[PDB]
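What's in start-v4.cif: mmCIF, N, CA and C atoms
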```cif
data_start
#
loop_
_atom_site.label_atom_id
_atom_site.label_comp_id
_atom_site.auth_asym_id
_atom_site.auth_seq_id
_atom_site.Cartn_x
_atom_site.Cartn_y
_atom_site.Cartn_z
N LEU A 1 -22.04 -69.21 -41.36
CA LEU A 1 -22.03 -67.84 -40.83
C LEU A 1 -21.14 -66.97 -41.71
N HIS A 2 -21.49 -65.70 -41.87
CA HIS A 2 -20.63 -64.78 -42.62
C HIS A 2 -20.60 -63.40 -41.97
N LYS A 3 -19.48 -62.70 -42.07
CA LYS A 3 -19.34 -61.36 -41.51
C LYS A 3 -19.77 -60.28 -42.49
N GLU A 4 -20.52 -59.28 -42.04
CA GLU A 4 -20.95 -58.14 -42.84
C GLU A 4 -20.43 -56.83 -42.22
N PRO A 5 -20.20 -55.82 -43.03
CA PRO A 5 -19.67 -54.56 -42.49
C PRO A 5 -20.69 -53.76 -41.71
N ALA A 6 -20.21 -52.95 -40.76
CA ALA A 6 -21.09 -51.99 -40.09
C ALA A 6 -20.25 -50.79 -39.62
N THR A 7 -20.91 -49.75 -39.16
CA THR A 7 -20.27 -48.50 -38.72
C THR A 7 -20.65 -48.10 -37.31
N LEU A 8 -19.68 -47.74 -36.47
CA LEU A 8 -20.03 -47.37 -35.09
C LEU A 8 -20.82 -46.08 -34.99
N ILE A 9 -21.87 -46.11 -34.16
CA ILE A 9 -22.57 -44.89 -33.81
C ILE A 9 -22.22 -44.50 -32.38
N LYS A 10 -22.51 -45.39 -31.43
CA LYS A 10 -22.11 -45.10 -30.03
C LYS A 10 -22.07 -46.38 -29.22
N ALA A 11 -21.08 -46.53 -28.33
CA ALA A 11 -21.13 -47.63 -27.36
C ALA A 11 -22.06 -47.31 -26.21
N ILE A 12 -22.88 -48.26 -25.73
CA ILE A 12 -23.82 -47.87 -24.68
C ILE A 12 -23.48 -48.42 -23.31
N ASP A 13 -23.08 -49.68 -23.31
CA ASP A 13 -22.78 -50.44 -22.12
C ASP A 13 -21.78 -51.54 -22.44
N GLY A 14 -21.38 -52.34 -21.44
CA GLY A 14 -20.51 -53.44 -21.74
C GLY A 14 -21.06 -54.44 -22.75
N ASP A 15 -22.38 -54.57 -22.84
CA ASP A 15 -22.98 -55.65 -23.63
C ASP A 15 -23.83 -55.13 -24.78
N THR A 16 -23.93 -53.83 -24.97
CA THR A 16 -24.77 -53.17 -25.99
C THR A 16 -24.07 -52.07 -26.76
N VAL A 17 -24.13 -52.12 -28.10
CA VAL A 17 -23.53 -51.05 -28.92
C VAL A 17 -24.51 -50.61 -30.00
N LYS A 18 -24.54 -49.35 -30.36
CA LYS A 18 -25.39 -48.88 -31.46
C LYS A 18 -24.57 -48.69 -32.72
N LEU A 19 -25.01 -49.29 -33.82
CA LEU A 19 -24.30 -49.37 -35.07
C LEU A 19 -25.19 -48.94 -36.25
N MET A 20 -24.58 -48.45 -37.31
CA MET A 20 -25.24 -48.31 -38.61
C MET A 20 -25.06 -49.61 -39.38
N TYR A 21 -26.15 -50.32 -39.67
CA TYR A 21 -26.04 -51.58 -40.42
C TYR A 21 -26.94 -51.51 -41.65
N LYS A 22 -26.37 -51.67 -42.84
CA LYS A 22 -27.17 -51.64 -44.07
C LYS A 22 -27.91 -50.31 -44.19
N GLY A 23 -27.25 -49.24 -43.77
CA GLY A 23 -27.76 -47.89 -43.82
C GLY A 23 -28.79 -47.56 -42.78
N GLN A 24 -28.91 -48.32 -41.69
CA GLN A 24 -29.83 -47.87 -40.66
C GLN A 24 -29.31 -48.10 -39.24
N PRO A 25 -29.60 -47.14 -38.37
CA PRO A 25 -29.24 -47.23 -36.96
C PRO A 25 -30.01 -48.35 -36.26
N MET A 26 -29.25 -49.15 -35.52
CA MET A 26 -29.82 -50.18 -34.68
C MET A 26 -28.97 -50.37 -33.43
N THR A 27 -29.62 -50.80 -32.37
CA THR A 27 -28.97 -51.26 -31.15
C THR A 27 -28.60 -52.74 -31.26
N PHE A 28 -27.38 -53.15 -30.94
CA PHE A 28 -26.99 -54.55 -30.95
C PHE A 28 -26.70 -55.04 -29.54
N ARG A 29 -27.20 -56.21 -29.16
CA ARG A 29 -26.86 -56.91 -27.93
C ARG A 29 -25.86 -58.03 -28.24
N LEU A 30 -24.74 -58.09 -27.52
CA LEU A 30 -23.73 -59.10 -27.76
C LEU A 30 -24.21 -60.51 -27.41
N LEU A 31 -24.25 -61.46 -28.35
CA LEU A 31 -24.67 -62.82 -28.08
C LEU A 31 -23.82 -63.55 -27.03
N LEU A 32 -24.41 -64.32 -26.15
CA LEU A 32 -23.89 -65.34 -25.27
C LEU A 32 -23.10 -64.78 -24.09
N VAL A 33 -23.08 -63.46 -23.89
CA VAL A 33 -22.34 -63.00 -22.71
C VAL A 33 -23.20 -62.14 -21.82
N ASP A 34 -22.82 -62.13 -20.54
CA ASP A 34 -23.48 -61.25 -19.60
C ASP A 34 -22.46 -60.41 -18.84
N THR A 35 -22.45 -59.12 -19.04
CA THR A 35 -21.53 -58.24 -18.33
C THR A 35 -22.19 -57.58 -17.13
N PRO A 36 -21.41 -57.19 -16.12
CA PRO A 36 -22.01 -56.47 -15.00
C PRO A 36 -22.52 -55.15 -15.59
N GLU A 37 -23.57 -54.55 -15.06
CA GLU A 37 -24.12 -53.40 -15.78
C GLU A 37 -24.01 -52.09 -15.01
N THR A 38 -24.09 -51.00 -15.77
CA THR A 38 -24.01 -49.65 -15.23
C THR A 38 -25.39 -48.99 -15.22
N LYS A 39 -26.25 -49.43 -16.13
CA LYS A 39 -27.58 -48.84 -16.27
C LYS A 39 -28.51 -49.26 -15.14
N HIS A 40 -29.80 -49.28 -15.43
CA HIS A 40 -30.84 -49.83 -14.58
C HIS A 40 -30.81 -49.31 -13.15
N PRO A 41 -31.96 -48.89 -12.63
CA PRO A 41 -32.06 -48.52 -11.21
C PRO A 41 -32.32 -49.77 -10.39
N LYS A 42 -32.25 -50.91 -11.07
CA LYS A 42 -32.26 -52.21 -10.39
C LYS A 42 -31.22 -52.13 -9.28
N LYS A 43 -29.98 -52.52 -9.58
CA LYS A 43 -28.94 -52.35 -8.57
C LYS A 43 -28.15 -51.08 -8.87
N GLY A 44 -28.39 -50.55 -10.06
CA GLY A 44 -27.71 -49.38 -10.59
C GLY A 44 -26.41 -49.75 -11.28
N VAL A 45 -25.32 -49.63 -10.53
CA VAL A 45 -23.98 -49.98 -10.99
C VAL A 45 -23.44 -51.16 -10.18
N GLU A 46 -23.07 -52.21 -10.90
CA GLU A 46 -22.52 -53.42 -10.30
C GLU A 46 -20.99 -53.35 -10.37
N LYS A 47 -20.32 -54.03 -9.45
CA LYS A 47 -18.87 -54.11 -9.48
C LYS A 47 -18.39 -54.70 -10.81
N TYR A 48 -17.43 -54.03 -11.41
CA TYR A 48 -16.82 -54.32 -12.69
C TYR A 48 -17.71 -53.83 -13.83
N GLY A 49 -18.83 -53.19 -13.52
CA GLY A 49 -19.62 -52.60 -14.59
C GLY A 49 -18.95 -51.47 -15.34
N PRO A 50 -18.41 -50.45 -14.67
CA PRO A 50 -17.74 -49.37 -15.39
C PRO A 50 -16.58 -49.90 -16.22
N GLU A 51 -15.90 -50.92 -15.72
CA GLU A 51 -14.72 -51.46 -16.39
C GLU A 51 -15.08 -52.21 -17.67
N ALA A 52 -16.12 -53.05 -17.54
CA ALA A 52 -16.57 -53.74 -18.76
C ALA A 52 -17.05 -52.73 -19.78
N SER A 53 -17.75 -51.69 -19.32
CA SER A 53 -18.27 -50.72 -20.29
C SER A 53 -17.13 -49.96 -20.96
N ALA A 54 -16.11 -49.57 -20.21
CA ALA A 54 -14.95 -48.93 -20.86
C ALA A 54 -14.17 -49.84 -21.79
N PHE A 55 -14.11 -51.13 -21.53
CA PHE A 55 -13.43 -52.11 -22.36
C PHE A 55 -14.06 -52.17 -23.75
N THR A 56 -15.37 -52.41 -23.72
CA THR A 56 -16.09 -52.42 -24.99
C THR A 56 -15.95 -51.12 -25.76
N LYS A 57 -16.10 -49.98 -25.11
CA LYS A 57 -16.04 -48.67 -25.75
C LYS A 57 -14.70 -48.48 -26.48
N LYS A 58 -13.60 -48.78 -25.79
CA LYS A 58 -12.28 -48.57 -26.38
C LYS A 58 -12.00 -49.51 -27.54
N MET A 59 -12.46 -50.76 -27.42
CA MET A 59 -12.26 -51.74 -28.49
C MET A 59 -13.00 -51.36 -29.75
N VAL A 60 -14.24 -50.87 -29.68
CA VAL A 60 -14.90 -50.46 -30.93
C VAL A 60 -14.53 -49.07 -31.39
N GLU A 61 -14.20 -48.14 -30.50
CA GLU A 61 -13.92 -46.78 -30.99
C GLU A 61 -12.59 -46.68 -31.70
N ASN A 62 -11.68 -47.60 -31.36
CA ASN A 62 -10.32 -47.56 -31.89
C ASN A 62 -10.12 -48.49 -33.07
N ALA A 63 -11.19 -49.16 -33.50
CA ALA A 63 -11.03 -50.13 -34.58
C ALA A 63 -11.02 -49.47 -35.95
N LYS A 64 -10.29 -50.05 -36.91
CA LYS A 64 -10.48 -49.49 -38.25
C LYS A 64 -11.64 -50.19 -38.96
N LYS A 65 -11.97 -51.44 -38.62
CA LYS A 65 -13.09 -52.13 -39.24
C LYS A 65 -14.00 -52.78 -38.19
N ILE A 66 -15.32 -52.55 -38.27
CA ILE A 66 -16.28 -53.31 -37.43
C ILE A 66 -17.08 -54.28 -38.31
N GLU A 67 -17.26 -55.53 -37.90
CA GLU A 67 -18.07 -56.49 -38.66
C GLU A 67 -19.08 -57.16 -37.72
N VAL A 68 -20.26 -57.50 -38.23
CA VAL A 68 -21.26 -58.19 -37.39
C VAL A 68 -21.48 -59.57 -38.01
N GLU A 69 -21.68 -60.56 -37.15
CA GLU A 69 -21.90 -61.94 -37.61
C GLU A 69 -23.16 -62.46 -36.94
N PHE A 70 -24.24 -62.65 -37.68
CA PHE A 70 -25.46 -63.25 -37.11
C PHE A 70 -25.27 -64.75 -36.91
N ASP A 71 -25.98 -65.36 -35.96
CA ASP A 71 -25.90 -66.80 -35.74
C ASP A 71 -26.98 -67.46 -36.60
N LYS A 72 -27.36 -68.72 -36.37
CA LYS A 72 -28.28 -69.26 -37.39
C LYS A 72 -29.74 -69.30 -36.94
N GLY A 73 -30.08 -68.73 -35.82
CA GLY A 73 -31.44 -68.56 -35.33
C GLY A 73 -32.00 -67.17 -35.54
N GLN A 74 -32.86 -66.69 -34.63
CA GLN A 74 -33.40 -65.35 -34.90
C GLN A 74 -32.35 -64.25 -34.77
N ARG A 75 -32.54 -63.16 -35.49
CA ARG A 75 -31.52 -62.10 -35.53
C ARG A 75 -31.85 -60.88 -34.71
N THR A 76 -33.05 -60.77 -34.12
CA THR A 76 -33.39 -59.65 -33.24
C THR A 76 -34.07 -60.20 -32.00
N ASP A 77 -34.03 -59.51 -30.87
CA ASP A 77 -34.72 -59.98 -29.67
C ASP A 77 -36.06 -59.26 -29.48
N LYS A 78 -36.72 -59.49 -28.35
CA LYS A 78 -38.06 -58.89 -28.14
C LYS A 78 -38.03 -57.38 -27.99
N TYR A 79 -36.86 -56.79 -27.75
CA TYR A 79 -36.72 -55.33 -27.62
C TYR A 79 -36.27 -54.69 -28.92
N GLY A 80 -36.18 -55.51 -29.97
CA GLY A 80 -35.78 -54.89 -31.24
C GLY A 80 -34.27 -54.85 -31.43
N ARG A 81 -33.51 -55.39 -30.48
CA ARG A 81 -32.04 -55.37 -30.60
C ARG A 81 -31.50 -56.47 -31.50
N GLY A 82 -30.52 -56.15 -32.32
CA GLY A 82 -29.80 -57.12 -33.14
C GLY A 82 -29.07 -58.12 -32.25
N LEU A 83 -29.03 -59.40 -32.61
CA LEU A 83 -28.33 -60.41 -31.81
C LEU A 83 -27.10 -60.89 -32.58
N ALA A 84 -25.88 -60.55 -32.13
CA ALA A 84 -24.77 -60.97 -33.01
C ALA A 84 -23.44 -61.08 -32.26
N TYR A 85 -22.48 -61.63 -32.99
CA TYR A 85 -21.06 -61.62 -32.62
C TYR A 85 -20.46 -60.38 -33.29
N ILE A 86 -19.75 -59.56 -32.52
CA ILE A 86 -19.18 -58.34 -33.10
C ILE A 86 -17.65 -58.47 -33.17
N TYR A 87 -17.05 -58.17 -34.29
CA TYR A 87 -15.61 -58.27 -34.53
C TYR A 87 -15.00 -56.87 -34.71
N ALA A 88 -13.90 -56.53 -34.03
CA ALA A 88 -13.19 -55.26 -34.24
C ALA A 88 -11.82 -55.62 -34.82
N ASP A 89 -11.56 -55.21 -36.05
CA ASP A 89 -10.32 -55.64 -36.72
C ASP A 89 -10.10 -57.13 -36.61
N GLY A 90 -11.15 -57.92 -36.81
CA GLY A 90 -11.00 -59.36 -36.86
C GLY A 90 -11.01 -60.10 -35.55
N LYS A 91 -11.02 -59.42 -34.41
CA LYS A 91 -11.09 -60.03 -33.10
C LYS A 91 -12.51 -59.96 -32.51
N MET A 92 -13.04 -61.05 -31.96
CA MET A 92 -14.44 -61.01 -31.50
C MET A 92 -14.55 -60.30 -30.16
N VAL A 93 -15.33 -59.22 -30.10
CA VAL A 93 -15.51 -58.48 -28.84
C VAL A 93 -16.11 -59.38 -27.78
N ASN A 94 -17.07 -60.24 -28.17
CA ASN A 94 -17.68 -61.11 -27.17
C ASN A 94 -16.68 -62.00 -26.44
N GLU A 95 -15.72 -62.56 -27.18
CA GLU A 95 -14.74 -63.49 -26.60
C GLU A 95 -13.74 -62.73 -25.73
N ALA A 96 -13.32 -61.56 -26.23
CA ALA A 96 -12.38 -60.69 -25.50
C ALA A 96 -12.87 -60.36 -24.11
N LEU A 97 -14.14 -59.98 -23.98
CA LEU A 97 -14.67 -59.70 -22.65
C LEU A 97 -14.61 -60.90 -21.72
N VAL A 98 -14.97 -62.07 -22.24
CA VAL A 98 -15.00 -63.28 -21.41
C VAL A 98 -13.56 -63.68 -21.05
N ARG A 99 -12.65 -63.52 -22.01
CA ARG A 99 -11.24 -63.89 -21.75
C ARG A 99 -10.65 -63.04 -20.64
N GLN A 100 -11.07 -61.79 -20.48
CA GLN A 100 -10.59 -60.84 -19.50
C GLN A 100 -11.29 -60.94 -18.15
N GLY A 101 -12.23 -61.86 -17.97
CA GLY A 101 -12.93 -61.90 -16.69
C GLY A 101 -13.88 -60.73 -16.51
N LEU A 102 -14.38 -60.12 -17.59
CA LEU A 102 -15.29 -58.99 -17.54
C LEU A 102 -16.72 -59.31 -18.01
N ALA A 103 -16.98 -60.57 -18.24
CA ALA A 103 -18.27 -61.11 -18.63
C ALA A 103 -18.31 -62.58 -18.25
N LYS A 104 -19.49 -63.09 -17.93
CA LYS A 104 -19.68 -64.53 -17.78
C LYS A 104 -20.40 -65.09 -19.00
N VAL A 105 -20.25 -66.37 -19.32
CA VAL A 105 -20.98 -66.94 -20.46
C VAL A 105 -22.44 -67.08 -20.03
N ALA A 106 -23.40 -66.55 -20.78
CA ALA A 106 -24.75 -66.52 -20.20
C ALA A 106 -25.87 -66.53 -21.23
N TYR A 107 -27.03 -67.03 -20.82
CA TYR A 107 -28.21 -67.12 -21.67
C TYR A 107 -27.93 -67.89 -22.96
N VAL A 108 -27.70 -69.20 -22.85
CA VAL A 108 -27.45 -69.92 -24.10
C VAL A 108 -28.71 -70.66 -24.54
N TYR A 109 -29.27 -70.15 -25.62
CA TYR A 109 -30.54 -70.55 -26.21
C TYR A 109 -30.39 -71.07 -27.63
N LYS A 110 -30.52 -72.38 -27.83
CA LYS A 110 -30.38 -72.91 -29.19
C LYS A 110 -31.44 -72.31 -30.10
N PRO A 111 -31.21 -72.12 -31.39
CA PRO A 111 -29.99 -72.48 -32.10
C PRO A 111 -28.94 -71.37 -32.17
N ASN A 112 -29.09 -70.31 -31.38
CA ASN A 112 -28.05 -69.27 -31.39
C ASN A 112 -26.92 -69.63 -30.42
N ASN A 113 -26.21 -70.71 -30.71
CA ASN A 113 -25.20 -71.22 -29.77
C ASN A 113 -23.93 -71.63 -30.50
N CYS A 114 -23.66 -71.07 -31.67
CA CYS A 114 -22.59 -71.58 -32.52
C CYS A 114 -21.20 -71.43 -31.92
N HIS A 115 -20.95 -70.38 -31.14
CA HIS A 115 -19.62 -70.23 -30.56
C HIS A 115 -19.60 -70.61 -29.10
N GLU A 116 -20.59 -71.37 -28.60
CA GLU A 116 -20.68 -71.59 -27.16
C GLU A 116 -19.45 -72.31 -26.61
N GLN A 117 -19.06 -73.38 -27.28
CA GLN A 117 -17.89 -74.15 -26.86
C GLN A 117 -16.63 -73.30 -26.68
N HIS A 118 -16.32 -72.50 -27.69
CA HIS A 118 -15.20 -71.56 -27.70
C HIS A 118 -15.26 -70.56 -26.57
N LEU A 119 -16.43 -69.96 -26.31
CA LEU A 119 -16.49 -69.03 -25.18
C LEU A 119 -16.41 -69.69 -23.82
N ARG A 120 -16.97 -70.88 -23.62
CA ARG A 120 -16.79 -71.59 -22.36
C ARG A 120 -15.32 -71.93 -22.09
N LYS A 121 -14.56 -72.14 -23.15
CA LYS A 121 -13.13 -72.44 -23.03
C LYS A 121 -12.39 -71.22 -22.50
N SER A 122 -12.70 -70.05 -23.06
CA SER A 122 -12.15 -68.77 -22.66
C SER A 122 -12.50 -68.38 -21.24
N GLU A 123 -13.73 -68.67 -20.80
CA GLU A 123 -14.20 -68.43 -19.45
C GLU A 123 -13.48 -69.32 -18.42
N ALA A 124 -13.24 -70.58 -18.75
CA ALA A 124 -12.49 -71.46 -17.86
C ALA A 124 -11.09 -70.90 -17.62
N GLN A 125 -10.45 -70.48 -18.72
CA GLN A 125 -9.11 -69.88 -18.59
C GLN A 125 -9.12 -68.63 -17.72
N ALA A 126 -10.04 -67.69 -17.95
CA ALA A 126 -10.14 -66.51 -17.09
C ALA A 126 -10.39 -66.85 -15.63
N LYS A 127 -11.14 -67.92 -15.32
CA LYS A 127 -11.37 -68.30 -13.94
C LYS A 127 -10.10 -68.85 -13.28
N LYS A 128 -9.41 -69.69 -14.02
CA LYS A 128 -8.14 -70.31 -13.69
C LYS A 128 -7.08 -69.24 -13.38
N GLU A 129 -7.07 -68.17 -14.17
CA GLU A 129 -6.15 -67.06 -13.95
C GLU A 129 -6.66 -66.06 -12.92
N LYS A 130 -7.86 -66.30 -12.40
CA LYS A 130 -8.50 -65.49 -11.37
C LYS A 130 -8.69 -64.02 -11.70
N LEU A 131 -8.99 -63.70 -12.96
CA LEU A 131 -9.12 -62.34 -13.43
C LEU A 131 -10.44 -61.65 -13.07
N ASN A 132 -10.38 -60.42 -12.64
CA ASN A 132 -11.42 -59.42 -12.45
C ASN A 132 -12.61 -60.00 -11.71
N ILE A 133 -13.68 -60.34 -12.43
CA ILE A 133 -14.86 -60.90 -11.76
C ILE A 133 -14.51 -62.14 -10.94
N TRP A 134 -13.58 -62.94 -11.45
CA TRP A 134 -13.19 -64.17 -10.79
C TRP A 134 -12.08 -64.00 -9.76
N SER A 135 -11.56 -62.79 -9.62
CA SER A 135 -10.50 -62.48 -8.68
C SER A 135 -10.82 -62.97 -7.27
#
```
Any chance you could give the structure as structure tokens?
Amino acid sequence: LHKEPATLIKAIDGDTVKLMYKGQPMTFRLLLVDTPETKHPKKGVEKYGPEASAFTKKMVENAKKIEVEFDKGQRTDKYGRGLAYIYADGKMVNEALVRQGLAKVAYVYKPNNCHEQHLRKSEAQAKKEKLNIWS
């Protein structure tokens, strides 16, 4: 795996960000995590949805460097979204959300599972500390 540079365009939700990558706008979905959501007229807004969305927004808007890391399987999903691990100044946004109790580890589909072990470790700790969703 290798990290490549990208530029923020806009944060959309806890689990989705729009970036300029290789000179083109794309929507990215964060690999291996599921955050409560604010969109959708499904349930509309779920508990901890606004919080997860603000967490992601502040972490990417305040970064001096954004990097994307593709896994070793497919790189886009059926909606055209990029599938990746996103780093802000060297820290993985995906892991940060799970460590804070603002995401659960979710949808693990081989072979895009390279950091699965590491994120399950972070999720166990957040549950143990009874944070946010696990409160």
Which residues are near segment 25-41 of chain A? Cut-off 5 Å, all atoms listed in the file, ignore same chain within fewer than 4 positions. Put them as a compact mmCIF listing (two decimals) with N, CA and C atoms, in the coordinates of the input.
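Below is the file that was written, around_25.txt:
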```txt
# COMPACT_ATOMS: atom_id res chain seq x y z
N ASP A 15 -22.38 -54.57 -22.84
CA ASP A 15 -22.98 -55.65 -23.63
C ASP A 15 -23.83 -55.13 -24.78
N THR A 16 -23.93 -53.83 -24.97
CA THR A 16 -24.77 -53.17 -25.99
C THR A 16 -24.07 -52.07 -26.76
N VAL A 17 -24.13 -52.12 -28.10
CA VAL A 17 -23.53 -51.05 -28.92
C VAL A 17 -24.51 -50.61 -30.00
N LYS A 18 -24.54 -49.35 -30.36
CA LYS A 18 -25.39 -48.88 -31.46
C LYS A 18 -24.57 -48.69 -32.72
N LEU A 19 -25.01 -49.29 -33.82
CA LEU A 19 -24.30 -49.37 -35.07
C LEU A 19 -25.19 -48.94 -36.25
N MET A 20 -24.58 -48.45 -37.31
CA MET A 20 -25.24 -48.31 -38.61
C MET A 20 -25.06 -49.61 -39.38
N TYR A 21 -26.15 -50.32 -39.67
CA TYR A 21 -26.04 -51.58 -40.42
C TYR A 21 -26.94 -51.51 -41.65
N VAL A 45 -25.32 -49.63 -10.53
CA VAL A 45 -23.98 -49.98 -10.99
C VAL A 45 -23.44 -51.16 -10.18
N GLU A 46 -23.07 -52.21 -10.90
CA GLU A 46 -22.52 -53.42 -10.30
C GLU A 46 -20.99 -53.35 -10.37
N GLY A 49 -18.83 -53.19 -13.52
CA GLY A 49 -19.62 -52.60 -14.59
C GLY A 49 -18.95 -51.47 -15.34
N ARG A 81 -33.51 -55.39 -30.48
CA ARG A 81 -32.04 -55.37 -30.60
C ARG A 81 -31.50 -56.47 -31.50
N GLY A 82 -30.52 -56.15 -32.32
CA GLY A 82 -29.80 -57.12 -33.14
C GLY A 82 -29.07 -58.12 -32.25
N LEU A 83 -29.03 -59.40 -32.61
CA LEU A 83 -28.33 -60.41 -31.81
C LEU A 83 -27.10 -60.89 -32.58
N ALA A 84 -25.88 -60.55 -32.13
CA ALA A 84 -24.77 -60.97 -33.01
C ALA A 84 -23.44 -61.08 -32.26
N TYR A 85 -22.48 -61.63 -32.99
CA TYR A 85 -21.06 -61.62 -32.62
C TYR A 85 -20.46 -60.38 -33.29
N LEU A 102 -14.38 -60.12 -17.59
CA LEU A 102 -15.29 -58.99 -17.54
C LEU A 102 -16.72 -59.31 -18.01
N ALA A 103 -16.98 -60.57 -18.24
CA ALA A 103 -18.27 -61.11 -18.63
C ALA A 103 -18.31 -62.58 -18.25
N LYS A 104 -19.49 -63.09 -17.93
CA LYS A 104 -19.68 -64.53 -17.78
C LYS A 104 -20.40 -65.09 -19.00
N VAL A 105 -20.25 -66.37 -19.32
CA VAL A 105 -20.98 -66.94 -20.46
C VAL A 105 -22.44 -67.08 -20.03
N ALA A 106 -23.40 -66.55 -20.78
CA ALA A 106 -24.75 -66.52 -20.20
C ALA A 106 -25.87 -66.53 -21.23
```
One decimal, Å: what's the distance from atom N of residue 115 of chain A over to atom C of residue 99 of chain A, could you say?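 Computed distance, atom N of residue 115 of chain A to atom C of residue 99 of chain A, equals 16.4 Å.
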Would you mind reading off the distance between atom N of residue 44 of chain A and atom C of residue 13 of chain A, one decimal, in Å? 14.1 Å
Could you list the residues chosen by the PyMOL selection byres ((chain A and resi 4) around 7) in this structure as a list in words? residues 2, 3, 5, 6, 66, 67, 68, 69 and 70 of chain A
Any chance you could resolve the PyMOL selection byres ((chain A and resi 65) around 6) against this file and give the residues as a list in words? residues 63, 64, 66, 67, 87, 88 and 89 of chain A
Separation of atom C of residue 134 of chain A from atom CA of residue 92 of chain A in Å: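 These atoms are spaced 22.1 Å apart.
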Run DSSP on the backbone of this structure and report the residues of segment 43-112 of chain A it assigns to strand (DSSP E), as a list in words.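 Here are the strand (DSSP E) residues of segment 43-112 of chain A: residues 66, 67, 68, 69, 70, 82, 83, 84, 85, 86, 87, 88, 91, 92, 104 and 105 of chain A.
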Just N, CA and C atoms for this one: save the residues we selected as a tab-separated table (two decimals), in the frame of the given file.
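Heads up, here's the output in selection23.tsv:
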```tsv
chain	number	residue	atom	x	y	z
A	66	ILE	N	-15.32	-52.55	-38.27
A	66	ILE	CA	-16.28	-53.31	-37.43
A	66	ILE	C	-17.08	-54.28	-38.31
A	67	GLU	N	-17.26	-55.53	-37.90
A	67	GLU	CA	-18.07	-56.49	-38.66
A	67	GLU	C	-19.08	-57.16	-37.72
A	68	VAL	N	-20.26	-57.50	-38.23
A	68	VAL	CA	-21.26	-58.19	-37.39
A	68	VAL	C	-21.48	-59.57	-38.01
A	69	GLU	N	-21.68	-60.56	-37.15
A	69	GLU	CA	-21.90	-61.94	-37.61
A	69	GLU	C	-23.16	-62.46	-36.94
A	70	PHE	N	-24.24	-62.65	-37.68
A	70	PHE	CA	-25.46	-63.25	-37.11
A	70	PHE	C	-25.27	-64.75	-36.91
A	82	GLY	N	-30.52	-56.15	-32.32
A	82	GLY	CA	-29.80	-57.12	-33.14
A	82	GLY	C	-29.07	-58.12	-32.25
A	83	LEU	N	-29.03	-59.40	-32.61
A	83	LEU	CA	-28.33	-60.41	-31.81
A	83	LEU	C	-27.10	-60.89	-32.58
A	84	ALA	N	-25.88	-60.55	-32.13
A	84	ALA	CA	-24.77	-60.97	-33.01
A	84	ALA	C	-23.44	-61.08	-32.26
A	85	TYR	N	-22.48	-61.63	-32.99
A	85	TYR	CA	-21.06	-61.62	-32.62
A	85	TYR	C	-20.46	-60.38	-33.29
A	86	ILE	N	-19.75	-59.56	-32.52
A	86	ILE	CA	-19.18	-58.34	-33.10
A	86	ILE	C	-17.65	-58.47	-33.17
A	87	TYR	N	-17.05	-58.17	-34.29
A	87	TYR	CA	-15.61	-58.27	-34.53
A	87	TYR	C	-15.00	-56.87	-34.71
A	88	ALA	N	-13.90	-56.53	-34.03
A	88	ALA	CA	-13.19	-55.26	-34.24
A	88	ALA	C	-11.82	-55.62	-34.82
A	91	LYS	N	-11.02	-59.42	-34.41
A	91	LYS	CA	-11.09	-60.03	-33.10
A	91	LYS	C	-12.51	-59.96	-32.51
A	92	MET	N	-13.04	-61.05	-31.96
A	92	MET	CA	-14.44	-61.01	-31.50
A	92	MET	C	-14.55	-60.30	-30.16
A	104	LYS	N	-19.49	-63.09	-17.93
A	104	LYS	CA	-19.68	-64.53	-17.78
A	104	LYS	C	-20.40	-65.09	-19.00
A	105	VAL	N	-20.25	-66.37	-19.32
A	105	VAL	CA	-20.98	-66.94	-20.46
A	105	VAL	C	-22.44	-67.08	-20.03
```
